[PDB]
Amino acid sequence: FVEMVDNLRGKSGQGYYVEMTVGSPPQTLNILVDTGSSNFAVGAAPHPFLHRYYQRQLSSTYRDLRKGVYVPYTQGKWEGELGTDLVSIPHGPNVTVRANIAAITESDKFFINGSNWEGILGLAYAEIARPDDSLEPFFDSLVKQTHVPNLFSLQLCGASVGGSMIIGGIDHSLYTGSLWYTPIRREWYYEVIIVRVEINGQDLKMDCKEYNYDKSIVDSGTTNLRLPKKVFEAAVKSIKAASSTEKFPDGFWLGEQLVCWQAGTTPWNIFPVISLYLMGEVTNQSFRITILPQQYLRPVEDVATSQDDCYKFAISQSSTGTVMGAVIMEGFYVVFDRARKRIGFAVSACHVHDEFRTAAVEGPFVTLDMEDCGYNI
Ligand SMILES: NC1=N[C@@]2(CO1)c1cc(NC(=O)c3ccc(Cl)cn3)ccc1Oc1cnc(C3=CCCOC3)cc12
């Protein structure tokens with residue numbers, strides 16, 4: 001799959017996009033890769049933030065579904081008009097599919113001023129598609145209309161970011177060691193179950209339901225490791241204790257202010273590793289993924305008012321459950337094995353580390369009562 005390696009680009013804090021084409025003749029657009037939503041939605045009007053936008057009037061293969069879609073979400077909103085057209089991924093498999101496209105005609109806080117993407121590719125399942133599950137997501141259309149296998153994998157490498165989206169397979173040069181798989185609990189978001197959490201090997205010793213209240217998902221469209229409120233408190237308390245050779249203000253831990261060091265002398269050593277144990281493939285079997293401060297202390301570049309190496313604490317509290325965003329995914333090669341309802345993790349060959357510690361995927365471990373860790377209404 002050499003042709004798909006390095007097909008992702010981006011900038012820090014702005015996410016990862018892939019090149020796509022829509023319509024006939026093909027119109028090229030950069031599209032954010034989002035495993036936490038399920039609509040293919042593209043800018044279709046000249047918003048001033050946009051480098052370009054889908055011009056349906058130029059496409060002979062465009063078909064109008066004569067239907068609108070209104071999509072508020074937690075941090076913004078978009079609105080648009082539904083249709084279908086021919087879509088392809090130049091640095092992806094050599095195919096063209098007829099897919100649903102929402103032509104975005106109005107938005108708020110959706111497009112980012114200064115970003116180089118003009119649309120969003122929701123890779124999750126029909127259950128959370130807008131307006132309803134009858135609007136078949138792109139990846140479903142792709143697999144149904146071609147012989148592309150029903151899986152994809154993401155290597156997100158974290159000021160220009162890069163990575164690979166391998167569509168229909170796995171590229172073994174992108175990771176080291178073995179893949180370890182966790183079941184997709186339910187096909188809506190990429191929902192998984194965290195069974196145990198450690199800070200520097202020290203169990204938080206919470207009831208594991210707390211870790212998945214009310215869900216845990218893998219999400220390339222979020223920067224942070226987001227944790228349920230009670231788990232975040234406990235995590236921060238333990239992280240504070242482990243790093244207490246230096247002290248930092250209460251605002252920092254809340255992501256309300258940054259912290260700065262002299263260039264090339266950030267004290268990585270004083271920050272602990274974070275380990276999430278995930279439900280394994282076998283009864284009573286788990287594995288663990290481990291990230292470094294290099295993943296959860298994220299450098300902020302655009303601080304015009306400062307001169308030093310500044311960082312944001314990128315673990316935060318949530319009311320929507322655990323979100324394994326970029327802070328997790330940048331540690332690993334992640335295989336969204338839809339065909340087998342599972343997600344594979346392996347150590348990423350591009351993850352940022354130091355000479356003393358590296359991100360890790362280890363198993364098998366013996367963990368009982370893993371089914372009780374799931375939340376049910
Ligand atoms: N996963 C996720 N997708 C977001 C929110 O979180 C969404 C995320 C982003 N993400 C980023 O800009 C971004 C920034 C940095 C990094 Cl590392 C990743 N992504 C942008 C627009 C956007 O716009 C969205 C629009 N709609 C949704 C919906 C989710 C559930 C069903 O209804 C729509 C989600 C989203």
# chains A, B, ... in the order shown; residues from 1 in each chain; ligands from 1

$ residues_near_ligand --ligand "ligand 1" --cutoff "6 Å" --atoms "only C-alpha atoms and all ligand atoms" --output "ChimeraX atom specification"
/A:13-15,34,36-37,73,110,128-129,219-223,326

$ select_by_dssp --residues "range 255-357 of chain A" --states "helix (DSSP H, G or I)" --output "PyMOL selection string"
chain A and resi 268-270+293-296+326-329+338-340

$ write_last_selection --atoms "N, CA, C and O atoms" --output "compact mmCIF listing (two decimals), in the first residue's frame"
# COMPACT_ATOMS: atom_id res chain seq x y z
N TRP A 268 11.05 15.85 30.79
CA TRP A 268 10.13 14.77 30.45
C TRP A 268 10.05 13.79 31.59
O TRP A 268 8.96 13.40 32.02
N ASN A 269 11.23 13.41 32.08
CA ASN A 269 11.41 12.49 33.20
C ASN A 269 10.46 12.68 34.39
O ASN A 269 10.04 11.70 35.01
N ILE A 270 10.12 13.92 34.73
CA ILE A 270 9.27 14.15 35.89
C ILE A 270 7.79 13.87 35.63
O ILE A 270 6.99 13.80 36.56
N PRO A 293 4.43 11.66 28.29
CA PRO A 293 4.13 13.10 28.32
C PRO A 293 4.31 13.78 26.96
O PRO A 293 3.65 14.79 26.67
N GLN A 294 5.18 13.22 26.12
CA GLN A 294 5.35 13.71 24.76
C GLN A 294 4.05 13.68 23.94
O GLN A 294 3.93 14.43 22.97
N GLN A 295 3.10 12.84 24.34
CA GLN A 295 1.80 12.81 23.70
C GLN A 295 0.80 13.75 24.36
O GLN A 295 0.04 14.42 23.67
N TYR A 296 0.81 13.81 25.69
CA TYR A 296 -0.20 14.61 26.42
C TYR A 296 0.22 16.02 26.83
O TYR A 296 -0.63 16.80 27.27
N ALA A 326 -6.25 12.58 19.50
CA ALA A 326 -4.91 12.65 18.95
C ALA A 326 -3.83 12.32 19.99
O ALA A 326 -2.81 11.74 19.64
N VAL A 327 -4.06 12.70 21.25
CA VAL A 327 -3.09 12.41 22.31
C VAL A 327 -2.81 10.90 22.44
O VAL A 327 -1.69 10.48 22.72
N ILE A 328 -3.84 10.08 22.23
CA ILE A 328 -3.68 8.62 22.22
C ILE A 328 -3.17 8.19 20.85
O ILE A 328 -2.13 7.54 20.74
N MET A 329 -3.89 8.58 19.80
CA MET A 329 -3.64 8.00 18.47
C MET A 329 -2.26 8.31 17.92
O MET A 329 -1.73 7.51 17.16
N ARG A 338 -13.30 -3.01 10.71
CA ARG A 338 -14.75 -3.05 10.67
C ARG A 338 -15.28 -4.44 10.35
O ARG A 338 -16.23 -4.89 10.98
N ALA A 339 -14.66 -5.12 9.38
CA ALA A 339 -15.05 -6.49 9.03
C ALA A 339 -15.14 -7.41 10.25
O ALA A 339 -16.03 -8.25 10.32
N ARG A 340 -14.22 -7.27 11.20
CA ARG A 340 -14.22 -8.11 12.39
C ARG A 340 -14.62 -7.40 13.69
O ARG A 340 -14.40 -7.94 14.78

$ closest_residue --among "A:24, A:59, A:150, A:182" --to "residue 344 in chain A" --atoms "only C-alpha atoms"
A:182

$ select_by_dssp --residues "range 200-326 of chain A" --states "strand (DSSP E or B)" --output "CSV table (one decimal) with N, CA, C and O atoms, in the first residue's frame"
chain,number,residue,atom,x,y,z
A,202,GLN,N,0.7,2.7,38.5
A,202,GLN,CA,-0.1,2.7,39.7
A,202,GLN,C,-1.6,2.8,39.3
A,202,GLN,O,-2.1,3.8,38.7
A,203,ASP,N,-2.3,1.8,39.6
A,203,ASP,CA,-3.8,1.7,39.3
A,203,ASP,C,-4.5,2.8,40.0
A,203,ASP,O,-4.2,3.1,41.1
A,216,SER,N,-16.7,5.2,25.7
A,216,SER,CA,-15.4,5.5,25.4
A,216,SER,C,-15.2,5.3,23.9
A,216,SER,O,-15.7,4.3,23.4
A,217,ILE,N,-14.6,6.2,23.2
A,217,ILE,CA,-14.5,6.1,21.8
A,217,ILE,C,-13.1,6.4,21.3
A,217,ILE,O,-12.3,7.0,22.0
A,218,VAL,N,-12.8,6.0,20.1
A,218,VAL,CA,-11.5,6.4,19.4
A,218,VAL,C,-11.9,7.4,18.4
A,218,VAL,O,-12.7,7.1,17.5
A,225,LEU,N,-6.9,13.7,25.0
A,225,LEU,CA,-7.4,12.6,25.8
A,225,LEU,C,-8.4,13.2,26.7
A,225,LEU,O,-8.0,14.0,27.6
A,226,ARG,N,-9.7,13.0,26.5
A,226,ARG,CA,-10.8,13.5,27.3
A,226,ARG,C,-11.2,12.3,28.2
A,226,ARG,O,-11.5,11.2,27.7
A,227,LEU,N,-11.4,12.6,29.5
A,227,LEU,CA,-11.8,11.7,30.5
A,227,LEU,C,-13.0,12.1,31.3
A,227,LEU,O,-13.2,13.3,31.5
A,228,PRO,N,-13.9,11.2,31.7
A,228,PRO,CA,-15.1,11.6,32.5
A,228,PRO,C,-14.6,12.3,33.8
A,228,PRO,O,-13.5,12.0,34.3
A,259,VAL,N,2.4,26.3,30.3
A,259,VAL,CA,3.6,26.3,31.1
A,259,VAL,C,4.8,26.2,30.2
A,259,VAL,O,4.8,25.5,29.2
A,260,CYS,N,5.9,26.9,30.5
A,260,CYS,CA,7.0,27.1,29.6
A,260,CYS,C,8.4,26.7,30.3
A,260,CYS,O,8.6,26.8,31.5
A,261,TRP,N,9.2,26.2,29.4
A,261,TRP,CA,10.6,25.8,29.8
A,261,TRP,C,11.6,26.4,28.8
A,261,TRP,O,11.2,26.8,27.7
A,274,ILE,N,1.1,7.2,31.0
A,274,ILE,CA,-0.3,6.8,31.2
A,274,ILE,C,-0.7,5.5,30.5
A,274,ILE,O,-0.3,5.4,29.3
A,275,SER,N,-1.3,4.6,31.2
A,275,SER,CA,-1.6,3.3,30.6
A,275,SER,C,-3.1,3.1,30.7
A,275,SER,O,-3.7,3.3,31.7
A,276,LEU,N,-3.7,2.8,29.5
A,276,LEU,CA,-5.1,2.4,29.5
A,276,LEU,C,-5.1,0.9,29.1
A,276,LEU,O,-4.5,0.5,28.2
A,277,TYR,N,-5.8,0.1,29.9
A,277,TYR,CA,-6.0,-1.3,29.6
A,277,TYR,C,-7.3,-1.4,28.8
A,277,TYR,O,-8.3,-1.0,29.3
A,278,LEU,N,-7.3,-2.0,27.7
A,278,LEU,CA,-8.5,-2.2,26.9
A,278,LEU,C,-8.9,-3.7,26.9
A,278,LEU,O,-8.1,-4.6,27.0
A,279,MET,N,-10.2,-3.9,26.9
A,279,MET,CA,-10.8,-5.2,26.7
A,279,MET,C,-10.1,-6.0,25.6
A,279,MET,O,-9.9,-5.4,24.5
A,285,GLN,N,-9.1,-11.6,29.1
A,285,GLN,CA,-7.9,-11.2,28.6
A,285,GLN,C,-7.9,-9.7,28.2
A,285,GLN,O,-8.9,-9.3,27.5
A,286,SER,N,-7.0,-8.9,28.6
A,286,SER,CA,-6.8,-7.5,28.2
A,286,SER,C,-5.4,-7.3,27.7
A,286,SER,O,-4.5,-8.2,27.7
A,287,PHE,N,-5.2,-6.1,27.2
A,287,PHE,CA,-3.9,-5.6,26.9
A,287,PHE,C,-3.8,-4.1,27.3
A,287,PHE,O,-4.8,-3.5,27.6
A,288,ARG,N,-2.6,-3.6,27.3
A,288,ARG,CA,-2.5,-2.2,27.7
A,288,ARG,C,-1.7,-1.3,26.7
A,288,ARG,O,-0.8,-1.8,26.0
A,289,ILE,N,-2.2,-0.1,26.5
A,289,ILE,CA,-1.5,0.9,25.7
A,289,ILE,C,-1.0,2.0,26.6
A,289,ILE,O,-1.6,2.3,27.6
A,290,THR,N,0.3,2.4,26.4
A,290,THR,CA,1.0,3.3,27.2
A,290,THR,C,1.5,4.5,26.5
A,290,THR,O,2.1,4.4,25.5
A,291,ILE,N,1.1,5.7,26.9
A,291,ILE,CA,1.6,7.0,26.3
A,291,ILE,C,2.5,7.8,27.2
A,291,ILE,O,2.4,7.6,28.4
A,297,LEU,N,1.5,16.3,26.7
A,297,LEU,CA,2.0,17.7,26.8
A,297,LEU,C,2.2,18.2,25.4
A,297,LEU,O,3.2,17.9,24.8
A,298,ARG,N,1.3,19.1,24.9
A,298,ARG,CA,1.3,19.4,23.5
A,298,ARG,C,1.9,20.8,23.3
A,298,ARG,O,1.5,21.8,24.0
A,299,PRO,N,2.9,21.0,22.4
A,299,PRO,CA,3.6,22.3,22.3
A,299,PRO,C,2.7,23.3,21.6
A,299,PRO,O,2.0,22.9,20.6
A,300,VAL,N,2.6,24.5,22.1
A,300,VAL,CA,1.9,25.6,21.5
A,300,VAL,C,2.9,26.5,20.8
A,300,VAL,O,3.8,27.0,21.5
A,309,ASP,N,9.7,27.6,25.0
A,309,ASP,CA,9.0,26.3,24.6
A,309,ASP,C,7.8,26.1,25.6
A,309,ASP,O,8.0,25.6,26.7
A,310,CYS,N,6.6,26.5,25.1
A,310,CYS,CA,5.4,26.4,25.9
A,310,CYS,C,4.6,25.1,25.6
A,310,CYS,O,4.8,24.5,24.5
A,311,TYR,N,3.8,24.7,26.5
A,311,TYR,CA,3.0,23.5,26.3
A,311,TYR,C,1.6,23.6,26.9
A,311,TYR,O,1.4,24.3,28.0
A,312,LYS,N,0.6,22.9,26.4
A,312,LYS,CA,-0.7,22.8,26.9
A,312,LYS,C,-0.8,21.4,27.5
A,312,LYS,O,-0.4,20.4,26.9
A,313,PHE,N,-1.5,21.3,28.7
A,313,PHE,CA,-1.8,20.0,29.2
A,313,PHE,C,-3.1,19.5,28.5
A,313,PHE,O,-4.1,20.2,28.5
A,315,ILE,N,-4.9,16.7,28.6
A,315,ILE,CA,-5.9,15.8,29.1
A,315,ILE,C,-6.9,16.6,29.8
A,315,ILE,O,-6.6,17.6,30.4
A,316,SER,N,-8.2,16.3,29.5
A,316,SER,CA,-9.2,17.2,30.0
A,316,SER,C,-10.5,16.4,30.4
A,316,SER,O,-10.5,15.2,30.1
A,317,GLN,N,-11.4,17.1,31.1
A,317,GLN,CA,-12.6,16.4,31.6
A,317,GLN,C,-13.7,16.5,30.6
A,317,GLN,O,-13.7,17.3,29.7
A,318,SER,N,-14.6,15.5,30.7
A,318,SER,CA,-15.6,15.3,29.7
A,318,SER,C,-16.9,15.1,30.3
A,318,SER,O,-17.0,14.5,31.4
A,322,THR,N,-15.1,8.9,27.7
A,322,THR,CA,-13.7,9.0,27.4
A,322,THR,C,-13.6,9.2,25.9
A,322,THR,O,-14.3,8.6,25.1
A,323,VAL,N,-12.7,10.1,25.5
A,323,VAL,CA,-12.4,10.3,24.1
A,323,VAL,C,-10.9,10.1,23.9
A,323,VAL,O,-10.1,10.8,24.4
A,324,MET,N,-10.6,9.0,23.1
A,324,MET,CA,-9.2,8.7,22.8
A,324,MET,C,-8.9,9.5,21.5
A,324,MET,O,-9.1,9.0,20.4

$ closest_residue --among "A:153, A:105, A:84, A:39" --to "residue 337 in chain A" --atoms "only C-alpha atoms"
A:153

$ residues_around --residues "residue 88 in chain A" --least-positions-apart "5" --cutoff "7 Å" --atoms "only C-alpha atoms" --output "JSON list (two decimals) with C-alpha atoms, in the first residue's frame"
[["chain", "number", "residue", "atom", "x", "y", "z"],
["A", 20, "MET", "CA", -10.17, 13.91, -2.13],
["A", 21, "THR", "CA", -11.94, 14.64, -5.40],
["A", 22, "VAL", "CA", -15.66, 15.20, -5.89],
["A", 95, "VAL", "CA", -11.58, 3.54, -7.47],
["A", 96, "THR", "CA", -14.47, 5.97, -7.84],
["A", 97, "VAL", "CA", -17.71, 5.66, -5.87]]

$ residues_around --residues "residue 99 in chain A" --least-positions-apart "5" --cutoff "10 Å" --atoms "only C-alpha atoms" --output "PyMOL selection string"
chain A and resi 22+40+83-88+135-142+145

$ closest_residue --among "A:180, A:157, A:172, A:98" --to "residue 353 in chain A" --atoms "only C-alpha atoms"
A:157

$ residues_around --residues "residue 47 in chain A" --least-positions-apart "3" --cutoff "10 Å" --atoms "only C-alpha atoms" --output "JSON, numbers by chain"
{"A": [43, 44, 50, 51, 52, 53, 105, 106, 107, 111, 118]}

$ write_last_selection --atoms "N, CA and C atoms" --output "PDB file, in the first residue's frame"
ATOM      1  N   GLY A  43     -17.557  22.177   2.325  1.00  0.00           N
ATOM      2  CA  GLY A  43     -17.813  23.566   2.026  1.00  0.00           C
ATOM      3  C   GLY A  43     -18.263  23.713   0.588  1.00  0.00           C
ATOM      4  N   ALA A  44     -19.397  24.389   0.387  1.00  0.00           N
ATOM      5  CA  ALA A  44     -19.989  24.547  -0.933  1.00  0.00           C
ATOM      6  C   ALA A  44     -20.252  26.017  -1.287  1.00  0.00           C
ATOM      7  N   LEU A  50     -12.002  29.595   3.591  1.00  0.00           N
ATOM      8  CA  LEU A  50     -11.841  28.449   2.697  1.00  0.00           C
ATOM      9  C   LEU A  50     -10.957  28.719   1.484  1.00  0.00           C
ATOM     10  N   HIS A  51      -9.982  27.842   1.249  1.00  0.00           N
ATOM     11  CA  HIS A  51      -9.146  27.877   0.056  1.00  0.00           C
ATOM     12  C   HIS A  51      -9.945  27.581  -1.168  1.00  0.00           C
ATOM     13  N   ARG A  52     -10.966  26.749  -1.005  1.00  0.00           N
ATOM     14  CA  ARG A  52     -11.798  26.308  -2.104  1.00  0.00           C
ATOM     15  C   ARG A  52     -13.048  25.614  -1.573  1.00  0.00           C
ATOM     16  N   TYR A  53     -13.959  25.289  -2.478  1.00  0.00           N
ATOM     17  CA  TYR A  53     -15.231  24.721  -2.097  1.00  0.00           C
ATOM     18  C   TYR A  53     -15.867  24.021  -3.276  1.00  0.00           C
ATOM     19  N   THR A 105     -23.720  24.986   3.404  1.00  0.00           N
ATOM     20  CA  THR A 105     -24.183  26.296   2.936  1.00  0.00           C
ATOM     21  C   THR A 105     -24.209  27.343   4.063  1.00  0.00           C
ATOM     22  N   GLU A 106     -23.986  26.899   5.292  1.00  0.00           N
ATOM     23  CA  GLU A 106     -24.023  27.772   6.454  1.00  0.00           C
ATOM     24  C   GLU A 106     -23.331  27.046   7.598  1.00  0.00           C
ATOM     25  N   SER A 107     -22.502  27.763   8.345  1.00  0.00           N
ATOM     26  CA  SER A 107     -21.821  27.137   9.460  1.00  0.00           C
ATOM     27  C   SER A 107     -21.433  28.138  10.523  1.00  0.00           C
ATOM     28  N   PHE A 111     -15.432  25.624  10.338  1.00  0.00           N
ATOM     29  CA  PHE A 111     -14.181  25.869   9.638  1.00  0.00           C
ATOM     30  C   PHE A 111     -13.230  26.642  10.559  1.00  0.00           C
ATOM     31  N   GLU A 118     -11.291  21.878   3.897  1.00  0.00           N
ATOM     32  CA  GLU A 118     -12.554  22.487   3.423  1.00  0.00           C
ATOM     33  C   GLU A 118     -13.752  21.568   3.611  1.00  0.00           C
TER      34      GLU A 118
END

$ closest_residue --among "A:41, A:5, A:72, A:124" --to "residue 93 in chain A" --atoms "only C-alpha atoms"
A:5

$ closest_residue --among "A:356, A:94, A:176, A:235" --to "residue 147 in chain A" --atoms "only C-alpha atoms"
A:94
